[PDB]
Structures are given as C-alpha cells and as structure tokens.
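Just the one chain here, the form deposited without the named molecule, laid out as structure tokens.
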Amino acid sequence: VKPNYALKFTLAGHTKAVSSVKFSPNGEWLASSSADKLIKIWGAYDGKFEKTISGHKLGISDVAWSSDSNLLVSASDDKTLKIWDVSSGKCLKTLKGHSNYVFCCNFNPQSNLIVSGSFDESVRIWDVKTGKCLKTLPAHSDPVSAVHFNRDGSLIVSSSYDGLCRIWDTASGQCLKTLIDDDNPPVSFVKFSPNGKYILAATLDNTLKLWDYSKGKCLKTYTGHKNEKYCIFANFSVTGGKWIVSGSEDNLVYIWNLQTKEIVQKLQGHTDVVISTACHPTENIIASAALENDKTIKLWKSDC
C-alpha cells in the first residue's frame, strides 16, 4: 500500500523564504510564516489567499494554532512571540522575555498555555490570557529547535543542537526524561505522536528516529532524505495510511511507511529546500513550503 499525493495548488505571495506552515485544527485554514516578517492565511482546500497578518519587526520561524482555530502564535527573531486574533488580524499580546531569537512555539491542547523555544537555550511557558511568562526552563546548552505538547498537555518535549531530547512535566517544569544517542548529533526537530506514546526526532545527519522515551529505545529509523543544515519539520500522517512525512534539502518531500521504514513517495516540484511540511487533520492533504529560491507553498492530495 502506497499513497499517491499529487500537486493541486501552488501558493505564492511571500517575498522571502517560507519558514513554517500549519493547518488549523478545524481543517479550514493553512497558516504560513516567513522570513518576510509576515503570516499569511490561505484556504486549506482551494488554496485561496485569505489575508496577511503583520507586526513583527523581524522574520518569523514558526507559527501555531489554538485548539479552537481562533488564535495564532508566532515566534520571531525580534525576540518576542505574538498572539494574534485570526479573524481580525490584530495582535492580542506580545510575549517578551527571551533574550535571543524565538525559534519554535506551540499551544497546549487546552490552549491556555504556550510553549516556546529559543536560541537563548531556554524553554518558556506562557499564559495565553495574560501574556505573562509562567516558567523559564534552563532546558538546553544550545539553541532549542523544537517544542511540542503531548495530547493532554501534561508533557512538553524539546530538542536542541546540544544533541538532547528532553521530556518535561508541564505543571512543575521538572525534567522527566533525557534522551542521549551515541555521538550526540544536533537534534533539529521533535514532536509527540498523536497517541502521545512515541516521539519523532530529526537529527542533522540525514536521519529521523521514532523513540519510546519512557524506555529510552529507538524503535524506527527513516533515511534517504537530506537533512544536515536546516531545522525541517516532520509529521505523522494518520488520516489514511500511517506515514512519516518530512521535507528535505534536496527540494523533495519524503513519505515513509511508519512500520516498515521504506520510502513510499517522493514529491517533486519545489525549487529550494523544503523547510516545512504539515498534514491535514482529516483529509489526506499535505502542505509543503520552501526557502529563498522558491518562496512558495504547495498543497498535495492523496487517495490514501
């Protein structure tokens, strides 16, 4: 069994490299962030451009949706995060306290909290309603490349160039687990599986690994793509077949069988590093986005 993702739309409008794309939880929208200091909102099913959201003083590396699809949070090199009302495009809050670029962000499922990771090597937990910093975790000794909540929001996973993956108790901020692996290659991305039992971690040696973090065992490895220099997003695709989806520095989208680890599809068409991919919450739809030579977002559709 293999998927047959085919290109349906190419979305243009960012004036610099795209950094991150994310589908809204209700499936209606795709949000994109860019080095051009902008967030853009597109219709998830027809690719129609909906609006531009601005206000950051420097580029944006990541963006994330609240559970009710009404809010966005963005992480910027201007050292702040911003919470945005999607319908009005207004900046509801500016979250200050990081001392270097903010690289990654995520709402918890409740969406009363935001987690952020920064080049200042820290992980911060913020109150959505007030915008105050609730906790600062000295999470790492190198820039933090990814942060993600589990499906109940009780845990946070973070990754860093220091080579570590760390699991944190959200309520207390205490580190529950540290994953070390061999010769400590930089960890460029990490996220929980939808069931919350496994973590997918990308390392800058052209490798993805699926880990059981409680036991500390790597259960799967996925290779064949190129990832040595960029923090590329990866995903579990669960709407049809159970795939692993990632971008690559060879300008392709890679799709593996989660269980067998075999490459089941390579999506051709981007003209620069595919820095970001995202999987639609209900349909077999992939969004991909690429760097300076390309600056576009592509939407792809599969029968399984």
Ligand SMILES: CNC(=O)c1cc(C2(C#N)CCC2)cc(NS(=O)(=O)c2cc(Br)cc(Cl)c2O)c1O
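All residue numbers refer to positions in the sequence shown, first residue = 1.
The same protein has a further form, the form solved in complex with the named molecule, not shown here; the description that follows concerns it.
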| query | If we take heavy atoms and a 4.5 Å cut-off, which stretch out of 192 to 200, 128 to 136, 108 to 116, 171 to 179 is in contact with the named molecule in the bound PDB entry? | reply | 192 to 200
| query | Only one of 266, 242, 48, 51 has a non-hydrogen atom within 4.5 angstroms of the named molecule in the bound PDB entry; which is it? | reply | 242
| task | Tell me, out of 70, 259, 271, 26, which residue has a non-hydrogen atom within 4.5 angstroms of the named molecule in the bound PDB entry. | result | 259
| Though only this chain appears here, would residue 210 touch the named molecule in the bound PDB entry if you measure heavy atom gaps against 4.5 Å? | yes
| At the 4.5 Å heavy atom threshold, is residue 237 in contact with the named molecule in the bound PDB entry? | yes
| message | At 4.5 Å between heavy atoms, is residue 220 in contact with the named molecule in the bound PDB entry? | response | yes
